[PDB]
Amino acid sequence: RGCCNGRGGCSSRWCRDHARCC
């Protein structure tokens, strides 16, 4: 889970949907 830091962009679908910080 890199929705704060750890995905290839906070705008990736993973973090677009499962967003904690970004």
# chains A, B, ... in the order shown; residues from 1 in each chain; ligands from 1
call {"tool": "residues_around", "arguments": {"residues": "residue 19 in chain A", "least_positions_apart": "3", "cutoff": "8 Å", "atoms": "only C-alpha atoms", "output": "mmCIF file with N, CA and C atoms, in the first residue's frame"}}
result
data_model
loop_
_atom_site.group_PDB
_atom_site.id
_atom_site.type_symbol
_atom_site.label_atom_id
_atom_site.label_comp_id
_atom_site.auth_asym_id
_atom_site.auth_seq_id
_atom_site.Cartn_x
_atom_site.Cartn_y
_atom_site.Cartn_z
ATOM 1 N N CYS A 3 0.003 4.432 -0.811
ATOM 2 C CA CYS A 3 -0.900 5.548 -1.019
ATOM 3 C C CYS A 3 -0.561 6.691 -0.107
ATOM 4 N N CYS A 4 0.588 6.597 0.466
ATOM 5 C CA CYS A 4 1.217 7.700 1.137
ATOM 6 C C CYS A 4 2.603 7.834 0.548
ATOM 7 N N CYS A 10 0.583 8.438 -6.725
ATOM 8 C CA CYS A 10 -0.602 8.412 -5.873
ATOM 9 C C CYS A 10 -1.869 8.433 -6.726
ATOM 10 N N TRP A 14 -4.803 2.008 -7.628
ATOM 11 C CA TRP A 14 -4.725 1.447 -6.293
ATOM 12 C C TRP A 14 -4.913 2.564 -5.262
ATOM 13 N N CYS A 15 -4.205 3.621 -5.435
ATOM 14 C CA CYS A 15 -4.233 4.722 -4.526
ATOM 15 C C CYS A 15 -5.296 5.739 -4.843
ATOM 16 N N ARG A 16 -5.843 5.651 -6.004
ATOM 17 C CA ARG A 16 -6.984 6.459 -6.370
ATOM 18 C C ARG A 16 -8.216 5.921 -5.640
ATOM 19 N N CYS A 22 -2.626 9.942 -0.161
ATOM 20 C CA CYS A 22 -2.748 10.370 -1.519
ATOM 21 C C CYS A 22 -3.270 9.216 -2.392
#
call {"tool": "select_by_dssp", "arguments": {"residues": "chain A", "states": "alpha helix (DSSP H)", "output": "list in words"}}
result
residues 13, 14, 15, 16 and 17 of chain A
call {"tool": "write_last_selection", "arguments": {"atoms": "C-alpha atoms", "output": "mmCIF file, in the first residue's frame"}}
result
data_model
loop_
_atom_site.group_PDB
_atom_site.id
_atom_site.type_symbol
_atom_site.label_atom_id
_atom_site.label_comp_id
_atom_site.auth_asym_id
_atom_site.auth_seq_id
_atom_site.Cartn_x
_atom_site.Cartn_y
_atom_site.Cartn_z
ATOM 1 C CA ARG A 13 -5.757 3.183 -9.491
ATOM 2 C CA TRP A 14 -4.725 1.447 -6.293
ATOM 3 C CA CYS A 15 -4.233 4.722 -4.526
ATOM 4 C CA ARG A 16 -6.984 6.459 -6.370
ATOM 5 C CA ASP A 17 -9.355 3.958 -4.818
#
call {"tool": "decode", "arguments": {"residues": "chain A", "atoms": "N, CA and C atoms", "output": "CSV table (one decimal), in the first residue's frame"}}
result
chain,number,residue,atom,x,y,z
A,1,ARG,N,0.8,-1.2,0.0
A,1,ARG,CA,0.0,0.0,0.0
A,1,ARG,C,0.9,1.2,0.0
A,2,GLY,N,1.0,1.9,-1.1
A,2,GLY,CA,1.8,3.0,-1.2
A,2,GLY,C,1.0,4.2,-1.6
A,3,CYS,N,0.0,4.4,-0.8
A,3,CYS,CA,-0.9,5.5,-1.0
A,3,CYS,C,-0.6,6.7,-0.1
A,4,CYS,N,0.6,6.6,0.5
A,4,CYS,CA,1.2,7.7,1.1
A,4,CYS,C,2.6,7.8,0.5
A,5,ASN,N,3.2,6.7,0.4
A,5,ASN,CA,4.5,6.6,-0.3
A,5,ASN,C,4.8,5.1,-0.6
A,6,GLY,N,4.8,4.7,-1.8
A,6,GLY,CA,5.1,3.3,-2.1
A,6,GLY,C,4.5,2.8,-3.4
A,7,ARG,N,3.7,3.6,-4.0
A,7,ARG,CA,3.1,3.2,-5.3
A,7,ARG,C,3.7,4.1,-6.4
A,8,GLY,N,3.6,3.6,-7.6
A,8,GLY,CA,4.2,4.4,-8.7
A,8,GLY,C,3.3,5.6,-9.1
A,9,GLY,N,3.1,6.4,-8.1
A,9,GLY,CA,2.2,7.6,-8.2
A,9,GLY,C,1.0,7.4,-7.4
A,10,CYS,N,0.6,8.4,-6.7
A,10,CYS,CA,-0.6,8.4,-5.9
A,10,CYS,C,-1.9,8.4,-6.7
A,11,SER,N,-1.7,8.7,-8.0
A,11,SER,CA,-2.8,8.8,-8.9
A,11,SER,C,-3.0,7.4,-9.6
A,12,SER,N,-2.3,6.4,-9.1
A,12,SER,CA,-2.5,5.1,-9.7
A,12,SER,C,-3.8,4.6,-9.1
A,13,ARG,N,-4.4,3.6,-9.8
A,13,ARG,CA,-5.8,3.2,-9.5
A,13,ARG,C,-5.9,2.7,-8.1
A,14,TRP,N,-4.8,2.0,-7.6
A,14,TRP,CA,-4.7,1.4,-6.3
A,14,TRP,C,-4.9,2.6,-5.3
A,15,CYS,N,-4.2,3.6,-5.4
A,15,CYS,CA,-4.2,4.7,-4.5
A,15,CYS,C,-5.3,5.7,-4.8
A,16,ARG,N,-5.8,5.7,-6.0
A,16,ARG,CA,-7.0,6.5,-6.4
A,16,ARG,C,-8.2,5.9,-5.6
A,17,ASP,N,-8.2,4.6,-5.4
A,17,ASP,CA,-9.4,4.0,-4.8
A,17,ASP,C,-9.1,3.7,-3.3
A,18,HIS,N,-8.0,3.2,-3.0
A,18,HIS,CA,-7.7,2.7,-1.6
A,18,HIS,C,-6.8,3.8,-0.9
A,19,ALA,N,-7.0,5.0,-1.3
A,19,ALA,CA,-6.3,6.2,-0.8
A,19,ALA,C,-6.3,6.4,0.7
A,20,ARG,N,-5.2,6.6,1.3
A,20,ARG,CA,-5.1,6.9,2.7
A,20,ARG,C,-4.6,8.4,2.8
A,21,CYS,N,-3.5,8.6,2.3
A,21,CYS,CA,-2.9,10.0,2.2
A,21,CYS,C,-3.1,10.6,0.9
A,22,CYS,N,-2.6,9.9,-0.2
A,22,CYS,CA,-2.7,10.4,-1.5
A,22,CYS,C,-3.3,9.2,-2.4
